[PDB]
Structures are given as C-alpha cells and as structure tokens.
Amino acid sequence: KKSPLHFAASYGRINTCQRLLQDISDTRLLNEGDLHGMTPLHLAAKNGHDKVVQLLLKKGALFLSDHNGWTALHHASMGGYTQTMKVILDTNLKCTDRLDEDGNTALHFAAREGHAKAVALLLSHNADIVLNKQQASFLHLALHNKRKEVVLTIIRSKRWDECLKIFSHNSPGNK
Amino acid sequence: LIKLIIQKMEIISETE
Amino acid sequence: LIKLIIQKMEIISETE
C-alpha cells in the first residue's frame, strides 16, 4: 500500500490520502522509504501541494533525509513554492539550518534557481548564512548564474552588510 | 491547469 | 482545448 500512497501524495490527491490514512495505528507506512529514499512528505513538497503536506504534518511525520541529504524544505526551495515553504517554516524552526551531502542549505538552492520570493521568505526568518563545500555563499551562487532579481532583492534587504562580510580569501573562483 | 486535472482525475482499474 | 477538458471532465471520489 506504499505505492498508492506515494502516487496519491506525489500529485496532490487529498481525498485518497485521507482514505489511506484512516487507520492511524501503524506509522511505519507513513515515514517509509522509496527507491530513491523519499518519504511522502518529500513527494508532496517537491511538487508543491500545501494541503497534502499540511495533512501529513498534522497526522505526524518526521523530517527525514534523502540519500543525497535533501529535506522537504530543500525540495520546496528547489521548486520555488512559497506556500509549502511557509507551512514547513510555521510548524518547526529547527529545520532551516540544515546541510545536505554537499553542504548546501535551502537558501543556496533558492538563490541558485532564481526564486526571489523564496529567498525573501527564508531571509525574513533567520537563515544562518554559511559557506559551501567549495566555500561559495548563496550570493555568489546567484551571481554565477546571472539571476538579477534575487541579487536585487538581497540588496533591498536589511542583511546586506552581513551578506557582504563572508567569503574566502584563498579560492580562485569565489572572490 | 494540467496539474489541477491530475489532482481531480478519477482513477479506477489503473491503480497500484 | 485544455479548458474544454476541465469543463467536460468527470469527477467522482475527489469532490469537496
């Protein structure tokens, strides 16, 4: 019954997810894995369905990790969906500062793909700016991809001076 | 609109 | 054509 739940959560079918989650005894099916190790929380957050991820958090799910260290917030920032992002941030605050296998945060992906409102949403909250495995901040990762709107809305922000402070004096690519 | 179609579509005899 | 699909589509067990 894991594959019907994965298909129903991956496409926002809310009534099928309510019918499958009627028996609330066993939660091993709720946080089960995939071939790529993604929970139904990850599938609902990847495509940006806010009511499904709200229902799964109300029934009780765990912020597990992908095989590549991703989280639900990493997928919601990779996609640029502000609603699911806002729901995940309104539930818990201990999920924001989180590293993948490469040291990126959600703000790194949200600045890399050029989603301005996602960067402003993670930046209105405390984002905990940190470097990469290659010592690249999110601002440099936005500048190397020529994303005009996100660096403009970082300039309009109030954290800009702090965003100016951090870089590496030794790397040739990051200056 | 296409994502809305998949969200509201009825699936019988193609499940699992 | 896609708006016509949504207009004529049959929805059972996904309402409300």
# chains A, B, ... in the order shown; residues from 1 in each chain; ligands from 1
call {"tool": "residues_around", "arguments": {"residues": "residue 9 in chain B", "least_positions_apart": "6", "cutoff": "8 Å", "atoms": "only C-alpha atoms", "output": "VMD selection string"}}
result
chain C and resid 9 to 11 14
call {"tool": "closest_atom_pairs", "arguments": {"of": "chain A", "to": "chain B", "cutoff": "9 Å", "atoms": "only C-alpha atoms", "output": "CSV"}}
result
residue,atom,partner,partner_atom,distance
A:1,CA,B:16,CA,8.1
A:3,CA,B:16,CA,6.6
A:4,CA,B:16,CA,5.8
A:7,CA,B:16,CA,8.8
A:8,CA,B:7,CA,8.9
A:11,CA,B:7,CA,6.0
A:12,CA,B:7,CA,5.5
A:13,CA,B:7,CA,5.3
A:14,CA,B:7,CA,8.2
call {"tool": "write_last_selection", "arguments": {"atoms": "N, CA, C and O atoms", "output": "CSV table (one decimal), in the first residue's frame"}}
result
chain,number,residue,atom,x,y,z
A,1,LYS,N,0.8,-1.2,0.0
A,1,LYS,CA,0.0,0.0,0.0
A,1,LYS,C,0.9,1.3,0.0
A,1,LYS,O,0.3,2.4,0.0
A,3,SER,N,3.0,2.2,-2.5
A,3,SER,CA,3.0,2.8,-3.8
A,3,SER,C,1.7,3.6,-4.1
A,3,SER,O,1.8,4.6,-4.7
A,4,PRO,N,0.5,3.1,-3.7
A,4,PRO,CA,-0.7,4.1,-3.8
A,4,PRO,C,-0.5,5.3,-3.0
A,4,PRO,O,-1.0,6.4,-3.5
A,7,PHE,N,1.9,7.6,-5.0
A,7,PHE,CA,1.3,8.2,-6.1
A,7,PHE,C,0.2,9.2,-5.7
A,7,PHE,O,0.1,10.2,-6.4
A,8,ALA,N,-0.5,9.0,-4.6
A,8,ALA,CA,-1.5,10.0,-4.2
A,8,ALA,C,-0.9,11.2,-3.6
A,8,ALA,O,-1.4,12.3,-3.8
A,11,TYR,N,0.9,13.8,-6.4
A,11,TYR,CA,0.1,14.6,-7.3
A,11,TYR,C,-1.0,15.3,-6.6
A,11,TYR,O,-1.9,15.8,-7.3
A,12,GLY,N,-1.0,15.4,-5.3
A,12,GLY,CA,-2.0,16.3,-4.6
A,12,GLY,C,-3.4,15.7,-4.5
A,12,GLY,O,-4.3,16.5,-4.3
A,13,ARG,N,-3.5,14.4,-4.6
A,13,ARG,CA,-4.9,13.8,-4.4
A,13,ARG,C,-5.1,13.8,-2.9
A,13,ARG,O,-4.7,12.9,-2.2
A,14,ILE,N,-5.9,14.7,-2.4
A,14,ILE,CA,-6.1,14.9,-0.9
A,14,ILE,C,-7.1,13.9,-0.4
A,14,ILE,O,-6.9,13.4,0.8
call {"tool": "residues_around", "arguments": {"residues": "residue 152 in chain A", "least_positions_apart": "6", "cutoff": "12 Å", "atoms": "only C-alpha atoms", "output": "PDB file with N, CA, C and O atoms, in the first residue's frame"}}
result
ATOM      1  N   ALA A 111      18.444  30.499  -4.042  1.00  0.00           N
ATOM      2  CA  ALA A 111      19.148  31.551  -4.753  1.00  0.00           C
ATOM      3  C   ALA A 111      19.737  31.054  -6.061  1.00  0.00           C
ATOM      4  O   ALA A 111      19.919  31.845  -6.989  1.00  0.00           O
ATOM      5  N   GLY A 114      16.931  31.070  -8.765  1.00  0.00           N
ATOM      6  CA  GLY A 114      16.395  32.372  -9.097  1.00  0.00           C
ATOM      7  C   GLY A 114      14.960  32.603  -8.688  1.00  0.00           C
ATOM      8  O   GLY A 114      14.181  33.156  -9.471  1.00  0.00           O
ATOM      9  N   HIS A 115      14.586  32.202  -7.482  1.00  0.00           N
ATOM     10  CA  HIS A 115      13.243  32.421  -6.963  1.00  0.00           C
ATOM     11  C   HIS A 115      13.329  33.506  -5.902  1.00  0.00           C
ATOM     12  O   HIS A 115      13.821  33.258  -4.799  1.00  0.00           O
ATOM     13  N   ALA A 116      12.842  34.701  -6.235  1.00  0.00           N
ATOM     14  CA  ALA A 116      13.072  35.858  -5.379  1.00  0.00           C
ATOM     15  C   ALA A 116      12.237  35.799  -4.110  1.00  0.00           C
ATOM     16  O   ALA A 116      12.727  36.131  -3.023  1.00  0.00           O
ATOM     17  N   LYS A 117      10.978  35.382  -4.224  1.00  0.00           N
ATOM     18  CA  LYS A 117      10.103  35.368  -3.061  1.00  0.00           C
ATOM     19  C   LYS A 117      10.500  34.284  -2.074  1.00  0.00           C
ATOM     20  O   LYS A 117      10.337  34.467  -0.864  1.00  0.00           O
ATOM     21  N   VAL A 119      13.659  33.381  -1.538  1.00  0.00           N
ATOM     22  CA  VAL A 119      14.824  33.944  -0.865  1.00  0.00           C
ATOM     23  C   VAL A 119      14.394  34.987   0.154  1.00  0.00           C
ATOM     24  O   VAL A 119      14.901  35.014   1.281  1.00  0.00           O
ATOM     25  N   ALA A 120      13.410  35.818  -0.199  1.00  0.00           N
ATOM     26  CA  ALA A 120      12.890  36.799   0.748  1.00  0.00           C
ATOM     27  C   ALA A 120      12.176  36.138   1.921  1.00  0.00           C
ATOM     28  O   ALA A 120      12.214  36.660   3.040  1.00  0.00           O
ATOM     29  N   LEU A 139      25.011  34.091  -2.283  1.00  0.00           N
ATOM     30  CA  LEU A 139      25.092  35.286  -3.106  1.00  0.00           C
ATOM     31  C   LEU A 139      26.006  35.063  -4.302  1.00  0.00           C
ATOM     32  O   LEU A 139      25.684  35.478  -5.420  1.00  0.00           O
ATOM     33  N   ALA A 142      24.221  32.824  -6.694  1.00  0.00           N
ATOM     34  CA  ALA A 142      23.290  33.582  -7.513  1.00  0.00           C
ATOM     35  C   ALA A 142      24.000  34.407  -8.575  1.00  0.00           C
ATOM     36  O   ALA A 142      23.466  34.579  -9.674  1.00  0.00           O
ATOM     37  N   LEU A 143      25.184  34.937  -8.265  1.00  0.00           N
ATOM     38  CA  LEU A 143      25.881  35.770  -9.241  1.00  0.00           C
ATOM     39  C   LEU A 143      26.474  34.957 -10.380  1.00  0.00           C
ATOM     40  O   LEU A 143      26.566  35.460 -11.502  1.00  0.00           O
ATOM     41  N   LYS A 146      23.720  34.525 -13.016  1.00  0.00           N
ATOM     42  CA  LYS A 146      23.187  35.771 -13.579  1.00  0.00           C
ATOM     43  C   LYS A 146      21.710  35.965 -13.249  1.00  0.00           C
ATOM     44  O   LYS A 146      20.905  36.325 -14.106  1.00  0.00           O
ATOM     45  N   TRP A 160      22.176  42.873   4.138  1.00  0.00           N
ATOM     46  CA  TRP A 160      23.119  43.003   3.022  1.00  0.00           C
ATOM     47  C   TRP A 160      24.557  43.146   3.488  1.00  0.00           C
ATOM     48  O   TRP A 160      25.458  42.492   2.947  1.00  0.00           O
TER      49      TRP A 160
END
call {"tool": "residues_around", "arguments": {"residues": "residue 121 in chain A", "least_positions_apart": "2", "cutoff": "10 Å", "atoms": "only C-alpha atoms", "output": "count of residues only"}}
result
14
call {"tool": "residues_around", "arguments": {"residues": "residue 30 in chain A", "least_positions_apart": "4", "cutoff": "8 Å", "atoms": "only C-alpha atoms", "output": "list in words"}}
result
residues 26, 39, 40 and 61 of chain A
